[PDB]
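Student: Can you read through this structure? Questions will come right after.
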Amino acid sequence: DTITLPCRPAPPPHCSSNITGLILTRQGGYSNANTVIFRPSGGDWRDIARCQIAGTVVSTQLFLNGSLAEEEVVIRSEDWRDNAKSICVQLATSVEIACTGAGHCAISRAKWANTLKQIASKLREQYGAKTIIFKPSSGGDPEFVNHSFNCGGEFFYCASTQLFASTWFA
Amino acid sequence: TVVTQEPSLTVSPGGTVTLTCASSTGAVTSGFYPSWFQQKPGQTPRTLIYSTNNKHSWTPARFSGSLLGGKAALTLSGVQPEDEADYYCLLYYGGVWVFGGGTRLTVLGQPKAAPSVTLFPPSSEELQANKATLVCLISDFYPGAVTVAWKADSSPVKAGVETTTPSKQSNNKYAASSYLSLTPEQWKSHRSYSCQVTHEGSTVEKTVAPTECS
Amino acid sequence: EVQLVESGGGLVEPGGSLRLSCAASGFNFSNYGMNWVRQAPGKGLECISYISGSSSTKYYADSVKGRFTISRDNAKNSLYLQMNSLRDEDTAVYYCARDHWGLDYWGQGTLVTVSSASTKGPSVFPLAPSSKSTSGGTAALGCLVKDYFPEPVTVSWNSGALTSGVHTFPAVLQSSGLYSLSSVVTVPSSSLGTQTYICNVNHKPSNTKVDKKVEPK
Ligand SMILES: *[C@@H]1O[C@H](CO)[C@@H](O[C@@H]2O[C@H](CO)[C@@H](O)[C@H](O)[C@H]2NC(C)=O)[C@H](O)[C@H]1NC(C)=O
Ligand SMILES: *[C@@H]1O[C@H](CO)[C@@H](O)[C@H](O)[C@H]1NC(C)=O
Ligand SMILES: *[C@@H]1O[C@H](CO)[C@@H](O)[C@H](O)[C@H]1NC(C)=O
């Protein structure tokens with residue numbers, strides 16, 4: 001059972017990659033009782049650059065083939081109390097995203113759910129809440145509202161909405 | 001903060017050359033987001049490699065970015081003669097782009113070629129404006145080293161001569177231009193003017209005359 | 001298609017001011033940072049300045065700090081470089097480059113010449129094809145662009161339709177301080193009387209457009 005991210009154009013099979021991390025943005029509200037909302041960061045490439053874990057692969061929202069963390073998932077941010085400051089989440093165990101060439105790539109829903117749970121646990125330890133809600137990207141250009149990546153000299157765009165739509169409790 | 005490249009490198013056609021790009025601030029990692037630009041003579045720099053090794057759609061397959069020993073590396077494997085250009089390396093220092101010195105890459109396999117000369121006499125409009133200029137144009141020669149001598153009738157001329165330094169054309173070969181400044185009086189006051197272009201010991205001469213109208 | 005077009009440039013007296021503009025098309029201009037990168041004649045590339053998409057972050061090179069000011073109007077798709085206190089070291093071709101994982105798209109570049117000299121438009125005289133330049137049915141004909149300043153001039157043929165044979169030669173720095181170049185083309189001599197050849201010279205630094213026709217004889 002897998003999550004299917006639809007991609008345009010169809011990514012060839014040799015573009016299958018390893019999600020080693022991602023970049024998030026917390027939705028405005030600070031203390032909304034106990035539910036904190038995060039979304040995939042759709043800002044500037046320099047945010048991904050300031051994360052400094054993305055590796056050599058050009059990618060938005062999700063870091064492909066980047067550097068993984070040593071022991072456990074680690075979240076970082078210039079300022080936790082600021083929403084404009086992005087959240088660089090470095091995974092500990094990569095999640096393989098496999099592309100078939102049929103216009104969509106696939107991610108194991110069990111592995112992605114475990115990754116989301118670990119991310120939510122670390123975000124809960126940081127922001128001191130309980131409920132973590134991953135919501136989709138709140139608009140922008142095609143390169144940052146979608147998960148985009150350059151492979152084989154071609155830029156591919158994949159709707160990552162089904163990766164960021166879940167609730168995680170304590 | 002200095003981004004250092006080899007000043008020049010030379011490679012035969014079909015061979016393999018590796019350009020290196022070193023940073024004074026430590027070793028070059030994937031976070032320096034290296035880019036490699038190719039600038040042919042007089043052209044706008046053109047991105048070949050970005051983010052260590054990503055290619056654009058217009059990047060030839062023979063170019064490849066990489067990282068060796070804390071240096072960025074652009075590898076051109078299977079060099080073609082049109083790959084002769086200047087390759088600038090661009091490094092990223094937390095929001096600050098810094099270019100490299102550049103590398104002049106010479107594809108050492110250009111066959112020697114004799115210069116093509118064309119000499120134009122002063123036009124009607126220039127002569128009527130009390131000026132005269134003979135234009136001796138040289139093209140399609142390699143190596144790019146010529147010498148130009150001017151002749152009034154048959155004796156050498158030394159005053160009023162202005163010659164370019166040769167500049168590579170779009171065919172890797174060189175081209176130059178030579179101008180002889182005269183007054184229209186001394187243009188018609190002599191029977192012919194001759195341009196002698198000496199290249200690799202061989203001289204090609206062209207000649208025009210004032211009485212040769214139409 | 002991503003397009004970046006520079007305007008401004010030309011001749012500026014030392015100590016004077018200038019403003020380079022860069023019009024962008026083919027992309028959401030507000031969604032990308034911009035860079036000014038200059039190149040001195042015969043020298044390497046130098047990244048001068050960077051402005052963020054929201055014009056919130058501006059980086060300047062040490063050489064141009066305090067003198068240059070980068071700006072942008074997103075509603076007008078325009079990037080601006082206000083150059084003040086210009087020195088002889090600022091004479092260069094100035095390129096406008098988009099900031100997308102690097103400098104992926106550049107402008108055509110605009111030449112800024114810092115000289116106390118004066119602007120002077122070209123004088124175009126046709127180099128007619130005669131029985132001198134007819135070798136094997138091929139006639140060589142051109143136009144001389146004499147005495148002009150500053151650089152450069154763009155020379156096309158037949159409104160920019162001749163493509164083949166057009167070789168425009170570099171200019172000389174004459175003793176007078178003015179430039180001059182030649183632009184020739186070899187065509188079939190069997191087309192001299194049936195095809196009209198209009199050498200179109202354009203000197204943007206002096207706003208001099210001149211379409212001089214080259215007639216045989
Ligand atoms: C092009 O860029 C503009 C920036 O001016 C984007 O405009 C967005 O408009 C929505 C309308 O509700 C605002 O809420 C956003 O804040 C604006 N800025 C963004 C998303 O950065 C516009 O969406 C962009 N469009 C594309 C296709 O790239
Ligand atoms: C991804 O990582 C796996 C191990 O989890 C490894 O087998 C594989 O080579 C990597 N490859 C791709 C294409 O992502
Ligand atoms: C990621 O790395 C694997 C090797 O592990 C490679 O096959 C794949 O193409 C890479 N994906 C990119 C560069 O997008």
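Scheme for the structure tokens: letters A, B, ... for chains in order shown; per-chain residue numbers from 1; ligand numbers from 1 in order shown.
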Based on only C-alpha atoms, which of the residues in chain A come within 12 Å of chain B? I want them as an NGL selection string.
Tutor: :A and (44-59 or 65-67 or 149-155)
Student: What would the file look like if the residues just selected were written as a PDB file, in the first residue's frame with N, CA and C atoms?
Tutor:
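So the final result, stored in again_14.pdb, reads:
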```pdb
ATOM      1  N   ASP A  44      11.950  29.991  -0.884  1.00  0.00           N
ATOM      2  CA  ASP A  44      13.012  30.255  -1.840  1.00  0.00           C
ATOM      3  C   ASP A  44      14.039  29.132  -1.794  1.00  0.00           C
ATOM      4  N   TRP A  45      14.750  28.935  -2.908  1.00  0.00           N
ATOM      5  CA  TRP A  45      15.801  27.923  -2.937  1.00  0.00           C
ATOM      6  C   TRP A  45      16.887  28.202  -1.909  1.00  0.00           C
ATOM      7  N   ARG A  46      17.055  29.460  -1.505  1.00  0.00           N
ATOM      8  CA  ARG A  46      18.066  29.776  -0.509  1.00  0.00           C
ATOM      9  C   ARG A  46      17.697  29.253   0.870  1.00  0.00           C
ATOM     10  N   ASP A  47      16.410  29.019   1.143  1.00  0.00           N
ATOM     11  CA  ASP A  47      16.030  28.338   2.381  1.00  0.00           C
ATOM     12  C   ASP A  47      16.554  26.906   2.398  1.00  0.00           C
ATOM     13  N   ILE A  48      16.272  26.157   1.330  1.00  0.00           N
ATOM     14  CA  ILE A  48      16.813  24.811   1.173  1.00  0.00           C
ATOM     15  C   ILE A  48      18.334  24.834   1.252  1.00  0.00           C
ATOM     16  N   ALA A  49      18.956  25.878   0.698  1.00  0.00           N
ATOM     17  CA  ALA A  49      20.409  25.993   0.764  1.00  0.00           C
ATOM     18  C   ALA A  49      20.887  26.212   2.196  1.00  0.00           C
ATOM     19  N   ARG A  50      20.162  27.027   2.967  1.00  0.00           N
ATOM     20  CA  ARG A  50      20.530  27.277   4.356  1.00  0.00           C
ATOM     21  C   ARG A  50      20.284  26.069   5.243  1.00  0.00           C
ATOM     22  N   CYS A  51      19.426  25.137   4.819  1.00  0.00           N
ATOM     23  CA  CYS A  51      19.301  23.882   5.557  1.00  0.00           C
ATOM     24  C   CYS A  51      20.623  23.119   5.576  1.00  0.00           C
ATOM     25  N   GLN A  52      21.324  23.078   4.438  1.00  0.00           N
ATOM     26  CA  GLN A  52      22.671  22.506   4.331  1.00  0.00           C
ATOM     27  C   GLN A  52      22.680  20.997   4.581  1.00  0.00           C
ATOM     28  N   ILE A  53      21.663  20.295   4.081  1.00  0.00           N
ATOM     29  CA  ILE A  53      21.615  18.837   4.174  1.00  0.00           C
ATOM     30  C   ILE A  53      21.064  18.261   2.876  1.00  0.00           C
ATOM     31  N   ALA A  54      20.704  19.137   1.935  1.00  0.00           N
ATOM     32  CA  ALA A  54      20.003  18.702   0.731  1.00  0.00           C
ATOM     33  C   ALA A  54      20.896  17.937  -0.239  1.00  0.00           C
ATOM     34  N   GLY A  55      22.213  18.088  -0.146  1.00  0.00           N
ATOM     35  CA  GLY A  55      23.100  17.401  -1.065  1.00  0.00           C
ATOM     36  C   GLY A  55      23.191  18.101  -2.411  1.00  0.00           C
ATOM     37  N   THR A  56      23.553  17.322  -3.428  1.00  0.00           N
ATOM     38  CA  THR A  56      23.740  17.869  -4.766  1.00  0.00           C
ATOM     39  C   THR A  56      22.467  17.874  -5.600  1.00  0.00           C
ATOM     40  N   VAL A  57      21.382  17.281  -5.119  1.00  0.00           N
ATOM     41  CA  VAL A  57      20.159  17.166  -5.905  1.00  0.00           C
ATOM     42  C   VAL A  57      19.320  18.418  -5.707  1.00  0.00           C
ATOM     43  N   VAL A  58      18.906  19.031  -6.811  1.00  0.00           N
ATOM     44  CA  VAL A  58      18.002  20.174  -6.757  1.00  0.00           C
ATOM     45  C   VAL A  58      16.596  19.653  -6.490  1.00  0.00           C
ATOM     46  N   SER A  59      16.012  20.070  -5.369  1.00  0.00           N
ATOM     47  CA  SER A  59      14.721  19.548  -4.950  1.00  0.00           C
ATOM     48  C   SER A  59      14.061  20.547  -4.016  1.00  0.00           C
ATOM     49  N   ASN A  65      18.249  12.367  -1.793  1.00  0.00           N
ATOM     50  CA  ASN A  65      19.618  11.858  -1.828  1.00  0.00           C
ATOM     51  C   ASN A  65      20.554  12.663  -0.936  1.00  0.00           C
ATOM     52  N   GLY A  66      19.999  13.500  -0.068  1.00  0.00           N
ATOM     53  CA  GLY A  66      20.792  14.333   0.803  1.00  0.00           C
ATOM     54  C   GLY A  66      21.454  13.548   1.909  1.00  0.00           C
ATOM     55  N   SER A  67      21.900  14.296   2.917  1.00  0.00           N
ATOM     56  CA  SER A  67      22.582  13.732   4.066  1.00  0.00           C
ATOM     57  C   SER A  67      21.560  13.386   5.139  1.00  0.00           C
ATOM     58  N   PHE A 149      12.029  18.547  -8.652  1.00  0.00           N
ATOM     59  CA  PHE A 149      13.399  18.053  -8.607  1.00  0.00           C
ATOM     60  C   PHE A 149      13.952  17.944 -10.021  1.00  0.00           C
ATOM     61  N   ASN A 150      15.242  18.227 -10.167  1.00  0.00           N
ATOM     62  CA  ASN A 150      15.933  18.096 -11.443  1.00  0.00           C
ATOM     63  C   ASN A 150      16.633  16.745 -11.487  1.00  0.00           C
ATOM     64  N   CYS A 151      16.298  15.949 -12.498  1.00  0.00           N
ATOM     65  CA  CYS A 151      16.883  14.634 -12.713  1.00  0.00           C
ATOM     66  C   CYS A 151      17.144  14.476 -14.202  1.00  0.00           C
ATOM     67  N   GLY A 152      18.331  13.982 -14.548  1.00  0.00           N
ATOM     68  CA  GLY A 152      18.692  13.809 -15.946  1.00  0.00           C
ATOM     69  C   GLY A 152      18.616  15.074 -16.772  1.00  0.00           C
ATOM     70  N   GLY A 153      18.828  16.233 -16.153  1.00  0.00           N
ATOM     71  CA  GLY A 153      18.718  17.489 -16.860  1.00  0.00           C
ATOM     72  C   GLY A 153      17.307  17.960 -17.126  1.00  0.00           C
ATOM     73  N   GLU A 154      16.300  17.299 -16.561  1.00  0.00           N
ATOM     74  CA  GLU A 154      14.910  17.699 -16.730  1.00  0.00           C
ATOM     75  C   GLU A 154      14.293  17.981 -15.368  1.00  0.00           C
ATOM     76  N   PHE A 155      13.466  19.020 -15.305  1.00  0.00           N
ATOM     77  CA  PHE A 155      12.806  19.419 -14.069  1.00  0.00           C
ATOM     78  C   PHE A 155      11.433  18.759 -14.002  1.00  0.00           C
TER      79      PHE A 155
END
```
Student: At most 8 Å is the cut-off: for each residue in chain C with any atom that close to an atom of chain A, write down the nearest atom pair and the distance in Å rounded to one decimal, counting only C-alpha atoms, chain first then increasing number, as JSON lines.
Tutor:
```
{"residue": "C:28", "atom": "CA", "partner": "A:141", "partner_atom": "CA", "distance": 7.8}
{"residue": "C:31", "atom": "CA", "partner": "A:141", "partner_atom": "CA", "distance": 7.6}
{"residue": "C:32", "atom": "CA", "partner": "A:44", "partner_atom": "CA", "distance": 7.6}
{"residue": "C:100", "atom": "CA", "partner": "A:45", "partner_atom": "CA", "distance": 6.9}
{"residue": "C:101", "atom": "CA", "partner": "A:45", "partner_atom": "CA", "distance": 6.4}
```
Student: Sorted by chain and rising residue number, which residues of chain C lie within 8 Å of chain B, and what are their closest atom pairs and distances in Å to one decimal, counting only C-alpha atoms, as a tab-separated table?
Tutor:
```
residue	atom	partner	partner_atom	distance
C:44	CA	B:101	CA	6.0
C:45	CA	B:99	CA	6.4
C:46	CA	B:99	CA	6.0
C:47	CA	B:98	CA	6.2
C:59	CA	B:96	CA	7.1
C:101	CA	B:51	CA	6.8
C:102	CA	B:50	CA	6.3
C:103	CA	B:47	CA	7.2
C:104	CA	B:47	CA	5.8
C:105	CA	B:47	CA	7.8
C:106	CA	B:44	CA	7.4
C:107	CA	B:44	CA	7.8
C:108	CA	B:44	CA	6.4
C:109	CA	B:44	CA	7.3
C:125	CA	B:125	CA	6.2
C:126	CA	B:123	CA	6.5
C:127	CA	B:123	CA	6.2
C:128	CA	B:123	CA	7.5
C:130	CA	B:214	CA	5.7
C:131	CA	B:214	CA	7.5
C:132	CA	B:208	CA	7.3
C:133	CA	B:118	CA	7.3
C:169	CA	B:177	CA	6.8
C:170	CA	B:176	CA	7.4
C:171	CA	B:164	CA	7.3
C:172	CA	B:164	CA	5.8
C:174	CA	B:162	CA	6.8
C:182	CA	B:135	CA	7.7
C:216	CA	B:214	CA	7.2
C:217	CA	B:214	CA	3.6
```
Student: Those selected residues, please, written with N, CA, C and O atoms and delivered as a tab-separated table (two decimals), in the first residue's frame.
Tutor:
```tsv
chain	number	residue	atom	x	y	z
C	44	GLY	N	37.89	38.65	-15.95
C	44	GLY	CA	36.96	37.64	-15.53
C	44	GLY	C	35.63	38.22	-15.09
C	44	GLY	O	35.40	39.43	-15.11
C	45	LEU	N	34.73	37.32	-14.70
C	45	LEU	CA	33.42	37.71	-14.19
C	45	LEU	C	33.51	38.04	-12.71
C	45	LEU	O	34.25	37.40	-11.96
C	46	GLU	N	32.77	39.07	-12.30
C	46	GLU	CA	32.62	39.42	-10.89
C	46	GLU	C	31.15	39.58	-10.56
C	46	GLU	O	30.44	40.34	-11.23
C	47	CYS	N	30.69	38.87	-9.53
C	47	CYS	CA	29.32	39.01	-9.05
C	47	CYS	C	29.22	40.28	-8.21
C	47	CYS	O	29.80	40.36	-7.12
C	59	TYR	N	22.92	42.05	-1.12
C	59	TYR	CA	24.36	41.88	-0.95
C	59	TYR	C	25.08	42.70	-2.01
C	59	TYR	O	24.63	42.79	-3.16
C	101	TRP	N	19.04	28.48	-7.92
C	101	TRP	CA	20.03	27.44	-7.68
C	101	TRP	C	21.38	27.77	-8.32
C	101	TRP	O	22.19	26.88	-8.59
C	102	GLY	N	21.64	29.05	-8.54
C	102	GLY	CA	22.77	29.52	-9.31
C	102	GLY	C	22.38	30.74	-10.11
C	102	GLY	O	21.44	31.45	-9.76
C	103	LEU	N	23.11	30.97	-11.20
C	103	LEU	CA	22.79	32.04	-12.14
C	103	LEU	C	22.38	31.38	-13.45
C	103	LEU	O	23.16	31.27	-14.39
C	104	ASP	N	21.12	30.93	-13.51
C	104	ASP	CA	20.70	30.07	-14.61
C	104	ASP	C	20.39	30.86	-15.87
C	104	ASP	O	20.77	30.44	-16.97
C	105	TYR	N	19.70	31.99	-15.75
C	105	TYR	CA	19.35	32.82	-16.89
C	105	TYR	C	19.99	34.19	-16.75
C	105	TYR	O	19.84	34.86	-15.72
C	106	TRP	N	20.70	34.61	-17.80
C	106	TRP	CA	21.40	35.88	-17.85
C	106	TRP	C	20.72	36.82	-18.84
C	106	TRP	O	19.95	36.39	-19.71
C	107	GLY	N	21.00	38.11	-18.69
C	107	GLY	CA	20.65	39.06	-19.72
C	107	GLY	C	21.68	39.08	-20.84
C	107	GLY	O	22.72	38.44	-20.76
C	108	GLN	N	21.37	39.83	-21.89
C	108	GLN	CA	22.33	39.97	-22.98
C	108	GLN	C	23.54	40.80	-22.57
C	108	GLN	O	24.57	40.76	-23.26
C	109	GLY	N	23.44	41.55	-21.48
C	109	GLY	CA	24.52	42.40	-21.03
C	109	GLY	C	24.49	43.76	-21.69
C	109	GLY	O	24.20	43.87	-22.88
C	125	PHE	N	29.67	54.17	-44.52
C	125	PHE	CA	29.96	54.30	-45.94
C	125	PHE	C	29.96	52.90	-46.56
C	125	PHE	O	30.68	52.01	-46.08
C	126	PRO	N	29.19	52.67	-47.62
C	126	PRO	CA	29.12	51.32	-48.19
C	126	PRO	C	30.40	50.93	-48.92
C	126	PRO	O	31.02	51.74	-49.60
C	127	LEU	N	30.79	49.66	-48.75
C	127	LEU	CA	31.91	49.06	-49.47
C	127	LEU	C	31.28	48.25	-50.60
C	127	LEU	O	30.84	47.11	-50.38
C	128	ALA	N	31.24	48.83	-51.79
C	128	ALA	CA	30.50	48.28	-52.92
C	128	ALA	C	31.24	47.10	-53.53
C	128	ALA	O	32.48	47.06	-53.54
C	130	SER	N	32.73	45.28	-56.59
C	130	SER	CA	33.16	45.62	-57.94
C	130	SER	C	33.77	44.40	-58.62
C	130	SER	O	33.60	43.27	-58.15
C	131	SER	N	34.49	44.62	-59.72
C	131	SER	CA	35.21	43.53	-60.35
C	131	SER	C	36.47	43.14	-59.57
C	131	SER	O	37.16	42.20	-59.97
C	132	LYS	N	36.76	43.84	-58.47
C	132	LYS	CA	37.87	43.47	-57.60
C	132	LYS	C	37.50	42.29	-56.71
C	132	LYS	O	38.27	41.33	-56.59
C	133	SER	N	36.32	42.34	-56.09
C	133	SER	CA	35.90	41.30	-55.16
C	133	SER	C	34.85	40.39	-55.78
C	133	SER	O	33.79	40.17	-55.19
C	169	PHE	N	33.56	42.36	-38.35
C	169	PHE	CA	34.89	42.37	-37.77
C	169	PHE	C	34.95	43.29	-36.55
C	169	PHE	O	34.16	44.23	-36.43
C	170	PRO	N	35.87	43.02	-35.62
C	170	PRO	CA	36.04	43.92	-34.48
C	170	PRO	C	36.55	45.29	-34.91
C	170	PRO	O	37.15	45.46	-35.97
C	171	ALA	N	36.30	46.27	-34.05
C	171	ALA	CA	36.67	47.65	-34.31
C	171	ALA	C	38.11	47.94	-33.88
C	171	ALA	O	38.68	47.24	-33.03
C	172	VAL	N	38.69	48.97	-34.48
C	172	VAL	CA	39.98	49.51	-34.07
C	172	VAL	C	39.74	50.71	-33.17
C	172	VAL	O	38.76	51.45	-33.32
C	174	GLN	N	41.02	53.92	-33.06
C	174	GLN	CA	41.79	54.83	-33.89
C	174	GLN	C	42.58	55.81	-33.04
C	174	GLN	O	42.33	56.00	-31.84
C	182	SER	N	34.33	47.23	-39.78
C	182	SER	CA	33.81	46.88	-41.09
C	182	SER	C	32.92	45.65	-40.95
C	182	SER	O	33.16	44.79	-40.10
C	216	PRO	N	25.86	47.72	-56.26
C	216	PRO	CA	27.06	47.37	-57.03
C	216	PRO	C	27.57	48.58	-57.80
C	216	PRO	O	26.84	49.53	-58.09
C	217	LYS	N	28.86	48.53	-58.13
C	217	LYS	CA	29.52	49.60	-58.87
C	217	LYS	C	29.42	50.94	-58.14
C	217	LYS	O	30.43	51.54	-57.78
```
Student: Report the distance between atom CA of residue C:88 and atom CA of residue C:147 in Å, rounded to one decimal place.
Tutor: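 If I compute the distance from atom CA of residue C:88 to atom CA of residue C:147, I get 22.1 Å.
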Student: Can you list, as number ranges by chain, every residue of stretch 41-211 of chain B that DSSP puts in alpha helix (DSSP H)?
Tutor: B: 124-128, 184-188
Student: Store the residues picked out above, limited to N, CA and C atoms, as an mmCIF file, in the first residue's frame.
Tutor:
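Heads up, here's the output in out_34.cif:
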```cif
data_model
loop_
_atom_site.group_PDB
_atom_site.id
_atom_site.type_symbol
_atom_site.label_atom_id
_atom_site.label_comp_id
_atom_site.auth_asym_id
_atom_site.auth_seq_id
_atom_site.Cartn_x
_atom_site.Cartn_y
_atom_site.Cartn_z
ATOM 1 N N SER B 124 32.680 56.307 -52.331
ATOM 2 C CA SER B 124 32.377 57.626 -52.877
ATOM 3 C C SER B 124 32.012 58.615 -51.776
ATOM 4 N N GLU B 125 31.201 58.184 -50.805
ATOM 5 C CA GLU B 125 30.736 59.101 -49.766
ATOM 6 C C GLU B 125 31.881 59.566 -48.875
ATOM 7 N N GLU B 126 32.797 58.661 -48.525
ATOM 8 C CA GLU B 126 33.939 59.053 -47.704
ATOM 9 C C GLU B 126 34.853 60.017 -48.448
ATOM 10 N N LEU B 127 35.145 59.726 -49.719
ATOM 11 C CA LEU B 127 35.986 60.613 -50.516
ATOM 12 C C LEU B 127 35.377 62.004 -50.631
ATOM 13 N N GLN B 128 34.053 62.083 -50.776
ATOM 14 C CA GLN B 128 33.389 63.377 -50.865
ATOM 15 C C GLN B 128 33.421 64.138 -49.545
ATOM 16 N N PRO B 184 41.663 62.039 -49.451
ATOM 17 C CA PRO B 184 41.259 61.639 -50.811
ATOM 18 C C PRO B 184 42.200 62.131 -51.894
ATOM 19 N N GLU B 185 42.923 63.223 -51.642
ATOM 20 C CA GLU B 185 43.893 63.714 -52.614
ATOM 21 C C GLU B 185 45.010 62.701 -52.826
ATOM 22 N N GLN B 186 45.669 62.285 -51.742
ATOM 23 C CA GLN B 186 46.733 61.292 -51.845
ATOM 24 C C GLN B 186 46.206 59.891 -52.132
ATOM 25 N N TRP B 187 44.894 59.668 -52.019
ATOM 26 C CA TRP B 187 44.308 58.423 -52.508
ATOM 27 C C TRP B 187 44.342 58.359 -54.031
ATOM 28 N N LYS B 188 43.831 59.397 -54.699
ATOM 29 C CA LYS B 188 43.891 59.464 -56.156
ATOM 30 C C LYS B 188 45.269 59.851 -56.678
#
```
Student: Let me have all residues with an atom within 12 Å of ligand 1, counting only C-alpha atoms and all ligand atoms, laid out as a PyMOL selection string.
Tutor: (chain A and resi 41-44+137-146) or (chain C and resi 26-32+53-54+73-77)
Student: Show me which residues sit within 10 Å of ligand 2 when counting only C-alpha atoms and all ligand atoms, and put them as a list in words.
Tutor: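 Those residues are residues 13, 14, 15, 16, 17, 18, 19, 20, 64, 65, 93, 94, 95, 96, 97, 98 and 99 of chain A.
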Student: Those residues with C-alpha atoms, as an mmCIF file, in the first residue's frame please?
Tutor:
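out01.cif was written with the following content:
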```cif
data_model
loop_
_atom_site.group_PDB
_atom_site.id
_atom_site.type_symbol
_atom_site.label_atom_id
_atom_site.label_comp_id
_atom_site.auth_asym_id
_atom_site.auth_seq_id
_atom_site.Cartn_x
_atom_site.Cartn_y
_atom_site.Cartn_z
ATOM 1 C CA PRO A 13 12.535 5.068 -13.747
ATOM 2 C CA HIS A 14 16.153 6.126 -13.137
ATOM 3 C CA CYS A 15 14.971 9.146 -11.099
ATOM 4 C CA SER A 16 13.887 7.053 -8.098
ATOM 5 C CA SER A 17 15.412 8.718 -5.058
ATOM 6 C CA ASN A 18 15.680 8.671 -1.264
ATOM 7 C CA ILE A 19 13.841 11.273 0.806
ATOM 8 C CA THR A 20 16.516 12.149 3.376
ATOM 9 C CA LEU A 64 16.409 13.873 -2.277
ATOM 10 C CA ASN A 65 19.618 11.858 -1.828
ATOM 11 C CA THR A 93 16.067 6.613 7.878
ATOM 12 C CA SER A 94 15.488 7.649 4.281
ATOM 13 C CA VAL A 95 12.169 6.929 2.575
ATOM 14 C CA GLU A 96 12.543 5.492 -0.916
ATOM 15 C CA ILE A 97 10.410 7.306 -3.493
ATOM 16 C CA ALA A 98 10.252 5.097 -6.585
ATOM 17 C CA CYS A 99 9.252 6.452 -9.996
#
```
Student: DSSP on the backbone, then: every residue of stretch 38-108 of chain C marked strand (DSSP E), written as a PyMOL selection string.
Tutor: chain C and resi 38-39+45-51+58-60+68-73+78-83+92-99+103-106
Student: Write out the residues from the selection above, keeping C-alpha atoms, as a PDB file, in the first residue's frame.
Tutor:
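Okay, selection22.pdb is ready:
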```
ATOM      1  CA  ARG C  38      29.859  42.631 -14.317  1.00  0.00           C
ATOM      2  CA  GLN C  39      32.790  41.732 -16.556  1.00  0.00           C
ATOM      3  CA  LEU C  45      33.424  37.706 -14.193  1.00  0.00           C
ATOM      4  CA  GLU C  46      32.624  39.420 -10.889  1.00  0.00           C
ATOM      5  CA  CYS C  47      29.319  39.009  -9.046  1.00  0.00           C
ATOM      6  CA  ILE C  48      28.433  42.577  -8.065  1.00  0.00           C
ATOM      7  CA  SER C  49      25.119  42.538  -6.270  1.00  0.00           C
ATOM      8  CA  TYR C  50      22.149  40.445  -5.204  1.00  0.00           C
ATOM      9  CA  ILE C  51      18.595  41.454  -4.347  1.00  0.00           C
ATOM     10  CA  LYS C  58      20.746  43.025  -0.689  1.00  0.00           C
ATOM     11  CA  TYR C  59      24.359  41.881  -0.953  1.00  0.00           C
ATOM     12  CA  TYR C  60      27.031  44.090  -2.525  1.00  0.00           C
ATOM     13  CA  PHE C  68      25.960  50.991  -6.128  1.00  0.00           C
ATOM     14  CA  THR C  69      22.348  50.468  -5.065  1.00  0.00           C
ATOM     15  CA  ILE C  70      20.286  47.502  -6.240  1.00  0.00           C
ATOM     16  CA  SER C  71      16.515  47.904  -6.499  1.00  0.00           C
ATOM     17  CA  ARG C  72      13.510  46.260  -8.100  1.00  0.00           C
ATOM     18  CA  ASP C  73       9.882  46.863  -9.034  1.00  0.00           C
ATOM     19  CA  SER C  78      12.118  45.451 -13.474  1.00  0.00           C
ATOM     20  CA  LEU C  79      15.505  45.125 -11.785  1.00  0.00           C
ATOM     21  CA  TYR C  80      17.599  48.259 -11.257  1.00  0.00           C
ATOM     22  CA  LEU C  81      21.249  49.020 -10.532  1.00  0.00           C
ATOM     23  CA  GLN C  82      21.889  52.642  -9.524  1.00  0.00           C
ATOM     24  CA  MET C  83      25.612  53.218 -10.115  1.00  0.00           C
ATOM     25  CA  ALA C  92      32.463  46.740 -18.043  1.00  0.00           C
ATOM     26  CA  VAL C  93      29.694  44.694 -19.612  1.00  0.00           C
ATOM     27  CA  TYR C  94      26.983  44.397 -16.951  1.00  0.00           C
ATOM     28  CA  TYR C  95      24.878  41.224 -16.958  1.00  0.00           C
ATOM     29  CA  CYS C  96      21.540  40.658 -15.234  1.00  0.00           C
ATOM     30  CA  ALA C  97      21.198  37.094 -13.919  1.00  0.00           C
ATOM     31  CA  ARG C  98      18.365  35.250 -12.192  1.00  0.00           C
ATOM     32  CA  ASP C  99      19.044  33.573  -8.838  1.00  0.00           C
ATOM     33  CA  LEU C 103      22.794  32.043 -12.142  1.00  0.00           C
ATOM     34  CA  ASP C 104      20.702  30.071 -14.605  1.00  0.00           C
ATOM     35  CA  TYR C 105      19.348  32.822 -16.888  1.00  0.00           C
ATOM     36  CA  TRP C 106      21.397  35.884 -17.847  1.00  0.00           C
TER      37      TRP C 106
END
```
Student: Can you list, as a list in words, every protein, DNA or RNA residue that comes within 12 Å of residue B:18 when you count only C-alpha atoms, leaving out same-chain residues fewer than 6 positions away?
Tutor: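 The neighbour list is residues 5, 6, 8, 9, 10, 11, 62, 63, 64, 65, 66, 67, 68, 71, 72, 73, 74, 75, 76, 77, 78, 79, 87, 103 and 105 of chain B.
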Student: Please provide the set of residues having any atom within 10 Å of residue A:78, restricted to only C-alpha atoms, with same-chain residues fewer than 3 positions apart removed, written as a ChimeraX atom specification.
Tutor: /A:50-51,81-82,84-88
